[PDB]
file final21.tsv (TSV, C-alpha atoms and all ligand atoms)
chain	number	residue	atom	x	y	z
D	56	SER	CA	179.75	111.00	58.45
D	57	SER	CA	180.28	107.35	59.38
D	58	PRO	CA	180.82	107.84	63.17
D	59	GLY	CA	177.18	109.00	63.50
D	60	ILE	CA	175.39	106.35	61.38
D	61	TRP	CA	173.08	103.81	62.99
D	62	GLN	CA	170.69	101.22	61.56
D	63	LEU	CA	167.43	100.05	63.13
D	64	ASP	CA	166.64	96.34	63.08
D	65	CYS	CA	163.45	94.67	64.35
D	66	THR	CA	163.46	90.90	64.97
D	67	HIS	CA	161.05	88.47	66.65
D	68	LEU	CA	161.27	85.78	69.32
D	69	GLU	CA	158.79	84.06	71.69
D	70	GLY	CA	155.96	86.07	70.13
D	71	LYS	CA	157.72	89.29	71.18
D	72	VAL	CA	159.60	92.03	69.38
D	73	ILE	CA	163.28	92.86	69.84
D	74	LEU	CA	164.31	96.30	68.59
D	75	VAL	CA	168.01	96.69	67.82
D	76	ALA	CA	170.10	99.72	66.86
D	77	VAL	CA	173.42	98.90	65.22
D	78	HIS	CA	176.31	101.32	64.95
D	79	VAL	CA	177.18	100.39	61.39
D	80	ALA	CA	180.92	101.14	61.40
D	81	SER	CA	181.62	99.19	64.65
D	82	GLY	CA	178.90	96.52	65.01
D	83	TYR	CA	178.09	97.89	68.49
D	84	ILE	CA	174.43	97.50	69.49
D	85	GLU	CA	171.75	98.59	71.89
D	86	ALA	CA	168.50	96.60	72.11
D	87	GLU	CA	165.17	96.39	73.92
D	88	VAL	CA	162.21	94.04	74.09
D	89	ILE	CA	158.88	95.71	73.25
D	90	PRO	CA	155.31	94.37	73.04
D	91	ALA	CA	154.92	95.58	69.44
D	92	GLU	CA	156.83	97.77	67.00
D	93	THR	CA	154.77	100.96	67.15
D	94	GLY	CA	155.83	104.49	66.25
D	95	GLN	CA	155.69	105.45	69.92
D	96	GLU	CA	158.00	102.59	71.00
D	97	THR	CA	160.47	103.26	68.18
D	98	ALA	CA	160.42	107.01	68.94
D	99	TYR	CA	161.19	106.43	72.61
D	100	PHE	CA	163.98	103.94	71.79
D	101	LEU	CA	165.65	106.48	69.46
D	102	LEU	CA	165.39	109.24	72.07
D	103	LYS	CA	167.19	107.01	74.59
D	104	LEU	CA	169.84	106.01	72.06
D	105	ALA	CA	170.62	109.60	70.99
D	106	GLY	CA	170.96	110.77	74.60
D	107	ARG	CA	173.64	108.10	75.07
D	108	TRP	CA	175.65	108.22	71.78
D	109	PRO	CA	176.06	110.95	69.11
D	110	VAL	CA	173.43	109.66	66.68
D	111	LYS	CA	173.49	111.76	63.49
D	112	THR	CA	171.78	109.49	60.94
D	113	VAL	CA	169.38	106.59	61.40
D	114	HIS	CA	168.48	104.12	58.69
D	115	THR	CA	164.97	103.16	59.74
D	116	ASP	CA	164.01	99.48	59.56
D	117	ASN	CA	160.78	99.78	57.57
D	118	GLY	CA	158.48	102.23	55.81
D	119	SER	CA	155.95	102.49	58.64
D	120	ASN	CA	158.61	103.82	61.04
D	121	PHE	CA	160.01	106.00	58.21
D	122	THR	CA	156.52	107.48	57.76
D	123	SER	CA	155.52	107.64	61.45
D	124	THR	CA	154.84	111.18	62.69
D	125	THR	CA	155.88	110.12	66.20
D	126	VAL	CA	159.22	108.74	64.91
D	127	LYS	CA	159.75	111.94	62.90
D	128	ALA	CA	159.01	114.04	66.00
D	129	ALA	CA	161.62	112.09	68.00
D	130	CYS	CA	164.21	112.46	65.21
D	131	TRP	CA	163.49	116.18	65.03
D	132	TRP	CA	163.71	116.50	68.83
D	133	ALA	CA	166.99	114.57	69.08
D	134	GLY	CA	168.69	116.08	65.99
D	135	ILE	CA	168.67	112.83	64.02
D	136	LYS	CA	168.55	112.64	60.23
D	137	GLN	CA	166.00	109.96	59.44
D	138	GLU	CA	166.77	108.02	56.27
D	139	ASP	CA	165.31	104.95	54.60
D	140	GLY	CA	167.17	101.67	55.14
D	141	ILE	CA	167.11	100.47	51.55
D	142	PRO	CA	170.24	98.36	51.12
D	143	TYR	CA	171.64	100.15	48.05
D	144	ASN	CA	174.56	98.02	49.18
D	145	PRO	CA	173.26	94.40	48.99
D	146	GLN	CA	175.59	93.03	51.73
D	147	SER	CA	173.78	95.20	54.32
D	148	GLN	CA	170.83	92.74	54.37
D	149	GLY	CA	173.14	89.81	55.03
D	150	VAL	CA	175.10	91.48	57.83
D	151	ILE	CA	171.88	92.24	59.77
D	152	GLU	CA	170.41	88.78	59.10
D	153	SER	CA	173.64	87.25	60.44
D	154	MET	CA	173.58	89.45	63.53
D	155	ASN	CA	169.95	88.48	64.19
D	156	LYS	CA	170.91	84.79	63.99
D	157	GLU	CA	173.92	85.41	66.28
D	158	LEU	CA	171.85	87.35	68.83
D	159	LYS	CA	169.17	84.65	68.89
D	160	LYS	CA	171.92	82.05	69.39
D	161	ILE	CA	173.29	83.93	72.39
D	162	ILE	CA	169.80	84.44	73.82
D	163	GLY	CA	169.37	80.64	73.57
D	164	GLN	CA	172.67	80.05	75.38
D	165	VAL	CA	171.62	82.30	78.30
D	166	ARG	CA	167.86	81.85	78.19
D	167	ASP	CA	167.68	79.54	81.22
D	168	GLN	CA	169.69	82.00	83.35
D	169	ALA	CA	166.94	84.57	82.81
D	170	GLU	CA	163.40	84.50	84.18
D	171	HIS	CA	162.27	87.03	81.52
D	172	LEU	CA	163.24	87.46	77.87
D	173	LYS	CA	164.35	91.06	78.45
D	174	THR	CA	167.13	89.92	80.79
D	175	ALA	CA	168.35	87.39	78.20
D	176	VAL	CA	168.32	90.09	75.52
D	177	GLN	CA	170.49	92.41	77.66
D	178	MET	CA	172.87	89.52	78.42
D	179	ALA	CA	173.12	89.04	74.64
D	180	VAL	CA	173.82	92.77	74.11
D	181	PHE	CA	176.58	92.48	76.73
D	182	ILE	CA	178.15	89.38	75.16
D	183	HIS	CA	177.85	90.83	71.63
D	184	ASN	CA	179.50	94.14	72.50
D	185	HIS	CA	182.32	92.56	74.51
D	186	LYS	CA	183.19	89.75	72.06
D	187	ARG	CA	186.75	90.10	70.77
D	188	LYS	CA	186.93	89.54	66.98
D	193	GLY	CA	191.60	92.02	67.53
D	194	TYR	CA	189.03	94.38	69.07
D	195	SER	CA	185.49	94.29	70.53
D	196	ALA	CA	182.56	96.30	69.08
D	197	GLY	CA	182.65	98.45	72.24
D	198	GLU	CA	186.31	99.23	71.66
D	199	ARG	CA	185.69	100.09	68.00
D	200	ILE	CA	182.77	102.46	68.58
D	201	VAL	CA	184.74	104.42	71.20
D	202	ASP	CA	187.85	104.61	68.95
D	203	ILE	CA	185.80	105.72	65.94
D	204	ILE	CA	183.99	108.42	67.88
D	205	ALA	CA	187.07	109.62	69.80
D	206	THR	CA	189.02	110.02	66.53
D	207	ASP	CA	186.07	111.97	65.10
D	208	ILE	CA	186.25	114.37	68.08
G	56	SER	CA	190.96	102.56	87.40
G	57	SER	CA	188.99	105.78	86.90
G	58	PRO	CA	187.69	105.06	83.34
G	59	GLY	CA	185.59	102.18	84.72
G	60	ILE	CA	184.07	103.82	87.83
G	61	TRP	CA	180.36	104.56	88.04
G	62	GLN	CA	178.10	105.77	90.86
G	63	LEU	CA	174.45	104.85	91.35
G	64	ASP	CA	172.03	107.61	92.37
G	65	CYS	CA	168.32	107.21	93.16
G	66	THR	CA	166.09	110.31	93.20
G	67	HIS	CA	162.33	110.88	93.37
G	68	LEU	CA	159.76	112.88	91.40
G	69	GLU	CA	155.96	112.71	90.93
G	70	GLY	CA	155.80	109.81	93.39
G	71	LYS	CA	158.12	107.82	91.11
G	72	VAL	CA	161.74	106.72	91.25
G	73	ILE	CA	164.49	107.82	88.86
G	74	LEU	CA	167.58	105.61	88.88
G	75	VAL	CA	170.76	107.29	87.59
G	76	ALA	CA	174.24	105.92	86.88
G	77	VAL	CA	176.96	108.56	86.71
G	78	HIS	CA	180.34	108.01	85.10
G	79	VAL	CA	182.27	109.78	87.82
G	80	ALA	CA	185.25	111.06	85.81
G	81	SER	CA	183.09	112.57	83.00
G	82	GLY	CA	179.67	113.38	84.48
G	83	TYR	CA	178.02	111.29	81.73
G	84	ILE	CA	174.78	109.61	82.80
G	85	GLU	CA	172.25	106.96	81.94
G	86	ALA	CA	168.86	106.98	83.72
G	87	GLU	CA	165.52	105.18	83.91
G	88	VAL	CA	162.18	105.63	85.63
G	89	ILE	CA	161.14	102.65	87.77
G	90	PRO	CA	158.08	102.01	89.97
G	91	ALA	CA	160.25	101.32	93.03
G	92	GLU	CA	163.94	100.79	93.80
G	93	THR	CA	164.05	97.03	94.22
G	94	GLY	CA	167.06	94.72	93.91
G	95	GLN	CA	165.58	93.29	90.72
G	96	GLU	CA	165.17	96.71	89.07
G	97	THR	CA	168.67	97.83	90.11
G	98	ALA	CA	170.16	94.51	88.92
G	99	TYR	CA	168.53	94.84	85.49
G	100	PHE	CA	169.63	98.50	85.16
G	101	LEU	CA	173.26	97.54	85.90
G	102	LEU	CA	173.15	94.68	83.40
G	103	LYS	CA	171.99	97.10	80.69
G	104	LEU	CA	174.62	99.68	81.64
G	105	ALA	CA	177.52	97.19	81.60
G	106	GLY	CA	176.52	95.82	78.19
G	107	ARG	CA	176.79	99.37	76.84
G	108	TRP	CA	179.92	100.79	78.59
G	109	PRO	CA	182.95	99.09	80.23
G	110	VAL	CA	181.70	99.21	83.83
G	111	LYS	CA	184.43	97.96	86.18
G	112	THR	CA	183.37	99.39	89.56
G	113	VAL	CA	179.97	100.56	90.81
G	114	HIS	CA	179.51	102.61	93.96
G	115	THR	CA	176.03	101.48	95.00
G	116	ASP	CA	173.58	104.14	96.21
G	117	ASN	CA	172.51	102.53	99.49
G	118	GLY	CA	173.04	99.55	101.77
G	119	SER	CA	169.97	97.62	100.60
G	120	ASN	CA	171.29	97.49	97.02
G	121	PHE	CA	174.79	96.78	98.37
G	122	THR	CA	173.35	93.82	100.30
G	123	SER	CA	170.87	92.61	97.66
G	124	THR	CA	171.58	89.08	96.42
G	125	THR	CA	169.99	89.98	93.07
G	126	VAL	CA	172.26	93.04	92.68
G	127	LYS	CA	175.28	90.91	93.63
G	128	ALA	CA	174.25	88.28	91.05
G	129	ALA	CA	174.06	90.96	88.33
G	130	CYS	CA	177.46	92.39	89.33
G	131	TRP	CA	178.94	88.89	89.28
G	132	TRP	CA	177.33	88.15	85.89
G	133	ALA	CA	178.50	91.42	84.31
G	134	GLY	CA	182.03	91.47	85.84
G	135	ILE	CA	181.36	94.51	88.02
G	136	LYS	CA	183.09	95.17	91.33
G	137	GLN	CA	180.36	96.30	93.70
G	138	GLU	CA	181.53	98.81	96.29
G	139	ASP	CA	179.80	100.93	98.91
G	140	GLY	CA	179.15	104.58	98.01
G	141	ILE	CA	180.30	106.11	101.28
G	142	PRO	CA	181.61	109.57	100.41
G	143	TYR	CA	185.05	109.23	102.03
G	144	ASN	CA	185.42	112.35	99.91
G	145	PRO	CA	182.76	114.78	101.28
G	146	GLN	CA	182.29	116.71	97.99
G	147	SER	CA	180.83	113.55	96.38
G	148	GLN	CA	177.50	114.12	98.19
G	149	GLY	CA	177.28	117.68	96.91
G	150	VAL	CA	178.08	116.83	93.28
G	151	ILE	CA	175.25	114.25	93.15
G	152	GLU	CA	172.80	116.54	94.96
G	153	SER	CA	173.59	119.27	92.44
G	154	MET	CA	173.11	116.91	89.51
G	155	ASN	CA	169.75	115.78	90.93
G	156	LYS	CA	168.64	119.41	91.18
G	157	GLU	CA	169.89	120.08	87.61
G	158	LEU	CA	168.14	117.00	86.20
G	159	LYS	CA	164.88	117.91	87.93
G	160	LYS	CA	165.21	121.44	86.51
G	161	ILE	CA	165.60	120.09	82.97
G	162	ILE	CA	162.70	117.67	83.47
G	163	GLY	CA	160.59	120.70	84.48
G	164	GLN	CA	161.67	122.61	81.36
G	165	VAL	CA	160.60	119.73	79.06
G	166	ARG	CA	157.81	118.21	81.15
G	167	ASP	CA	154.98	119.61	79.02
G	168	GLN	CA	156.55	118.22	75.81
G	169	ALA	CA	156.21	114.72	77.29
G	170	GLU	CA	153.03	112.77	77.92
G	171	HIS	CA	154.88	110.45	80.35
G	172	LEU	CA	157.62	111.15	82.90
G	173	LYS	CA	159.94	108.58	81.29
G	174	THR	CA	160.10	110.61	78.07
G	175	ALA	CA	160.98	113.76	80.04
G	176	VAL	CA	163.69	111.87	81.91
G	177	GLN	CA	165.29	110.69	78.64
G	178	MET	CA	165.09	114.22	77.23
G	179	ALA	CA	166.95	115.33	80.38
G	180	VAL	CA	169.60	112.60	79.91
G	181	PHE	CA	170.04	113.85	76.34
G	182	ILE	CA	170.35	117.53	77.34
G	183	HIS	CA	172.68	116.68	80.26
G	184	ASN	CA	175.07	114.57	78.18
G	185	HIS	CA	175.21	117.05	75.28
G	186	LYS	CA	175.63	120.24	77.36
G	187	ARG	CA	178.94	121.94	76.61
G	188	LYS	CA	180.73	123.08	79.81
G	193	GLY	CA	184.84	123.29	76.53
G	194	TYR	CA	183.55	119.73	76.21
G	195	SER	CA	180.31	117.79	76.80
G	196	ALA	CA	180.03	114.82	79.20
G	197	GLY	CA	179.57	112.56	76.15
G	198	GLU	CA	182.81	113.85	74.66
G	199	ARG	CA	184.67	113.36	77.94
G	200	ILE	CA	183.56	109.78	78.57
G	201	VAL	CA	184.59	108.72	75.05
G	202	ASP	CA	188.00	110.49	75.36
G	203	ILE	CA	188.67	108.96	78.78
G	204	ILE	CA	187.80	105.45	77.64
G	205	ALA	CA	189.58	105.72	74.26
G	206	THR	CA	192.79	106.87	75.98
G	207	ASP	CA	192.45	103.93	78.40
G	208	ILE	CA	192.28	101.52	75.43
D	301	LIG	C1	182.82	96.60	76.56
D	301	LIG	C2	182.77	97.99	76.03
D	301	LIG	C3	181.58	98.60	75.68
D	301	LIG	CL1	180.13	97.69	75.87
D	301	LIG	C4	181.52	99.88	75.19
D	301	LIG	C5	182.65	100.64	75.01
D	301	LIG	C6	183.84	100.03	75.37
D	301	LIG	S1	185.43	100.67	75.29
D	301	LIG	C7	186.08	99.20	75.92
D	301	LIG	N1	187.40	99.04	76.13
D	301	LIG	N2	185.17	98.29	76.17
D	301	LIG	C8	183.91	98.74	75.86
D	302	LIG	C1	176.48	113.54	72.63
D	302	LIG	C2	177.44	112.44	72.92
D	302	LIG	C3	177.11	111.39	73.74
D	302	LIG	CL1	175.53	111.37	74.44
D	302	LIG	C4	177.98	110.36	74.03
D	302	LIG	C5	179.25	110.33	73.51
D	302	LIG	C6	179.58	111.38	72.68
D	302	LIG	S1	181.07	111.66	71.86
D	302	LIG	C7	180.44	113.11	71.19
D	302	LIG	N1	181.18	113.88	70.36
D	302	LIG	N2	179.21	113.39	71.55
D	302	LIG	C8	178.71	112.42	72.39
call {"tool": "encode", "arguments": {"input": "final21.tsv", "output": "structure tokens"}}
result
Amino acid sequence: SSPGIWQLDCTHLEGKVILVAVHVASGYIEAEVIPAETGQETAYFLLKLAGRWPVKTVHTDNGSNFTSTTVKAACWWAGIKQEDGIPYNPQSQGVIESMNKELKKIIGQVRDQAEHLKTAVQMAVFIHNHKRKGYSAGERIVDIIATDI
Amino acid sequence: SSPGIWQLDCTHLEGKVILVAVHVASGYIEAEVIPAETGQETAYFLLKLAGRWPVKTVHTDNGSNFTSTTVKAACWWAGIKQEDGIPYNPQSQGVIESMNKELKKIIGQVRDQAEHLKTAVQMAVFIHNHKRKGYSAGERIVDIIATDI
């Protein structure tokens, strides 16, 4: 069920880790800066995400998070089906890679407005989700999920 | 425009601060634990919120946040109209008070499942937004905003 499918994406900048969840059908994202991509951090991020949107399936970003007992506990708690993130579809790699490049571009454009990286990352989330491409990612996720209800 | 109206709410537990944003028309919430309710914390919370939902108007929770230059900078950045939160409607007090009591109840019911308060708070956000009252708050916010688009 495509309205409920999200993909985890971990990228790096300034020696820090940016964890992104992408709503695959819309391109809508949520993101956070973390010190390191641990099971505990990923678990907490997923718990927050699933309290905010109806997350049914998550394609995890790597095998360590797929294996993590803490990540599995969070997915159990929150009613999330944890899946691998193997791009059986090859264009899935390229779409994420492109989004990572785009996000890093936006972060660069705002970086001086922000004292801390986490502020710049949330500015980038804002700009990404509002950008009209015609509809915005925010508009698309709401339409997709409303129709599903 | 009722689809875009949110209310800030600050409550306390275990000597810590829980900052809540309520989508007034739906009862949907986002929340975070912070060390203290500063302008900087409130500003960052609003930036995150407005990157995730179309926040047009925020009724701030007190006069210090209403006055804060950092909160005003975030509202300017994110396109949010900052208003006072004076309950011209007297039932507004009681609805927030009730939600605070309900949230604290849920936190108590999950508290032992969570090592840290922040995990319990996000479990409570999850339970609150999914609770069927008949529709859930999550269902209502999406319907309200989809109709508005
Ligand atoms: C900007 C935006 C977000 Cl971030 C999320 C949902 C919606 S619905 C709409 N018209 N705009 C949005
Ligand atoms: C559980 C939930 C949330 Cl937290 C937010 C939006 C929606 S729409 C739907 N059917 N469920 C939800």
call {"tool": "atom_distance", "arguments": {"input": "final21.tsv", "atom1": "CA of residue 106 in chain D", "atom2": "CA of residue 132 in chain D"}}
result
10.9 Å
call {"tool": "residues_near_ligand", "arguments": {"input": "final21.tsv", "ligand": "ligand LIG 301 (chain D)", "cutoff": "10 Å", "atoms": "only C-alpha atoms and all ligand atoms", "output": "MDAnalysis selection string"}}
result
(chainID D and resid 83:85 180:187 194:202) or (chainID G and resid 58:59 103:111 200:201 203:208)
call {"tool": "residues_near_point", "arguments": {"input": "final21.tsv", "point": "(164.6, 92.2, 74.4)", "cutoff": "9 Å", "atoms": "only C-alpha atoms", "output": "mmCIF file with C-alpha atoms, keeping the file's coordinate frame"}}
result
data_model
loop_
_atom_site.group_PDB
_atom_site.id
_atom_site.type_symbol
_atom_site.label_atom_id
_atom_site.label_comp_id
_atom_site.auth_asym_id
_atom_site.auth_seq_id
_atom_site.Cartn_x
_atom_site.Cartn_y
_atom_site.Cartn_z
ATOM 1 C CA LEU D 68 161.270 85.780 69.320
ATOM 2 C CA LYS D 71 157.720 89.290 71.180
ATOM 3 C CA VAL D 72 159.600 92.030 69.380
ATOM 4 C CA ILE D 73 163.280 92.860 69.840
ATOM 5 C CA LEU D 74 164.310 96.300 68.590
ATOM 6 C CA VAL D 75 168.010 96.690 67.820
ATOM 7 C CA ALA D 86 168.500 96.600 72.110
ATOM 8 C CA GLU D 87 165.170 96.390 73.920
ATOM 9 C CA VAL D 88 162.210 94.040 74.090
ATOM 10 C CA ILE D 89 158.880 95.710 73.250
ATOM 11 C CA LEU D 172 163.240 87.460 77.870
ATOM 12 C CA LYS D 173 164.350 91.060 78.450
ATOM 13 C CA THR D 174 167.130 89.920 80.790
ATOM 14 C CA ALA D 175 168.350 87.390 78.200
ATOM 15 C CA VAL D 176 168.320 90.090 75.520
ATOM 16 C CA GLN D 177 170.490 92.410 77.660
#
call {"tool": "residues_around", "arguments": {"input": "final21.tsv", "residues": "residue 128 in chain D", "least_positions_apart": "6", "cutoff": "12 Å", "atoms": "all atoms listed in the file", "output": "list in words"}}
result
residues 94, 95, 97, 98, 99, 101, 102, 120, 121, 122, 134, 135, 136 and 137 of chain D; 168 and 169 of chain G
call {"tool": "closest_residue", "arguments": {"input": "final21.tsv", "among": "G:153, G:112, G:117, G:81", "to": "ligand LIG 302 (chain D)", "atoms": "all atoms listed in the file"}}
result
G:81
call {"tool": "atom_distance", "arguments": {"input": "final21.tsv", "atom1": "CA of residue 90 in chain D", "atom2": "CA of residue 124 in chain D"}}
result
19.7 Å
call {"tool": "atom_distance", "arguments": {"input": "final21.tsv", "atom1": "atom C5 of ligand LIG 302 (chain D)", "atom2": "CA of residue 80 in chain G"}}
result
13.7 Å
call {"tool": "closest_residue", "arguments": {"input": "final21.tsv", "among": "G:127, G:133, G:91, G:62", "to": "chain D", "atoms": "only C-alpha atoms"}}
result
G:133
call {"tool": "closest_residue", "arguments": {"input": "final21.tsv", "among": "G:148, G:129, G:138, G:157", "to": "chain D", "atoms": "only C-alpha atoms"}}
result
G:129
call {"tool": "closest_residue", "arguments": {"input": "final21.tsv", "among": "D:60, D:161, D:179, D:140", "to": "chain G", "atoms": "only C-alpha atoms"}}
result
D:179
call {"tool": "closest_residue", "arguments": {"input": "final21.tsv", "among": "G:154, G:67, G:82, G:125", "to": "ligand LIG 302 (chain D)", "atoms": "all atoms listed in the file"}}
result
G:82
call {"tool": "closest_residue", "arguments": {"input": "final21.tsv", "among": "D:113, D:147, D:100, D:64", "to": "chain G", "atoms": "all atoms listed in the file"}}
result
D:100
call {"tool": "axis_aligned_box", "arguments": {"input": "final21.tsv", "around": "range 85-97 of chain G", "padding_each_side": "8 Å", "output": "JSON"}}
result
{"center_x": 165.2, "center_y": 100.1, "center_z": 88.1, "size_x": 30.2, "size_y": 29.7, "size_z": 28.3}
